[PDB]
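In the block that follows, a single chain appears as C-alpha cells, in the form deposited in one PDB entry.
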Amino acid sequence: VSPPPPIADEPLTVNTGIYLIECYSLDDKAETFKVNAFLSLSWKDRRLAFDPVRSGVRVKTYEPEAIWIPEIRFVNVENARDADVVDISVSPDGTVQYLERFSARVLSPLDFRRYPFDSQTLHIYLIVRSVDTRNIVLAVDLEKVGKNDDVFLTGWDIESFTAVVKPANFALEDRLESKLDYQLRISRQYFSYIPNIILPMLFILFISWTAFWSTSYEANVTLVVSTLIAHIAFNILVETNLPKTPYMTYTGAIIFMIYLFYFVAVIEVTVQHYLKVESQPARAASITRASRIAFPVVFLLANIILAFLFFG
C-alpha cells in the first residue's frame, strides 16, 4: 500500500532468484524460447514486525493484497508473464518471503557463424523502477538459483545457469532503474546432422566425379546435371531451416563451393568433348588424367582452409 520509509537515506535492497522447471520451444527463425520457472523475492519491512512470544506464532501469512510488493518486470519478453502467488511469509524481525510460479516467452538473438557446431548464450533481464520516495536496488541470492534434473531441450544440451551478481544502474524516464542478468549456456547436438546431410552429399559428389573415367558425352552430361539437381534439392531442404543472416556462415560457404565445383566439372566435360571432336585425342586424355587427381585434392584443401578460417 506504501513503500517502506527509509531510516535516513539507505536504498531498499531486494534479493532475487530463479529456479528453472521447464524450458521448451526454441525457434531458430524467430529466436524465441519458452520458460517455466520459480520467482523468489525478499526485502525488509519493519512495519510488519511482531513479538513471537505475545502472538504465539513464529511465521505470519499474508494475502497478496494489504501488503506492499515491488513490481518486477522482464525486459525481453513478448507479453507480460502469467504468474500466481504461491506463498507469502513474514519473519518476526520484518523480513518478507515471496514466491511465485510464472511462464513467459523470451526473445533473444542468436549467432549462426558455426551453425552445425555452434554454442549459444540466452539472456533473461530483470528490472525494477524506483518510486518517488524510495530508491530500489536488486541483488542476487546464490542459494536460490538453479534448475531441475529433468529440464531438457529438444536438440540442445544444457551446460550451466548462472547470474551476474553486479547489477546495472541507470536513469530512464527521469527514474533510476536496476537491471540484472541471468545467463543460460547451451550447445547444439550435431550427431543427427552427419549421417543425414554430410555423408549423402559426399556420395552424390563422388557419383558426379565418375565422368572422368568415361568418354561418352551424353552419359557424362546426364550424370553431372542430375547430380546438380539433387544438390539443389538438398540445398533447398537445408535452407528451409536456417534463417538469413547479415554475415557468412560455414554451411553457405560449403554449398557455394559445391556449386563452383559442379560448374568447373561441366566446363571440363565440355572442353574434353570439344578437343575430341577436333581430332586431338591426346590433349583430352591428358586433361582427363590431370582432372582425376586435381579435383579431390583441391576439394580437400579448400575444405581444410574453410575449417581453419571458421574454427580458428
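Quick note: we count residues from 1 along the sequence shown, nothing fancier. Here, rigid core means the biggest group of C-alpha atoms that superpose within 1.5 Å across both forms.
There is also a form deposited in another entry; it is not shown, and the following applies to it.
Annotation: Cα of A66 displaced by at least 2 Å between this form and the one not shown, core superposition. After superposition on the rigid core, the Cα of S192 moves by less than 2 Å between this form and the one not shown.
Once the rigid core is overlaid between this form and the one not shown, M257 does not reach a Cα shift of 2 Å, moving by less than that.
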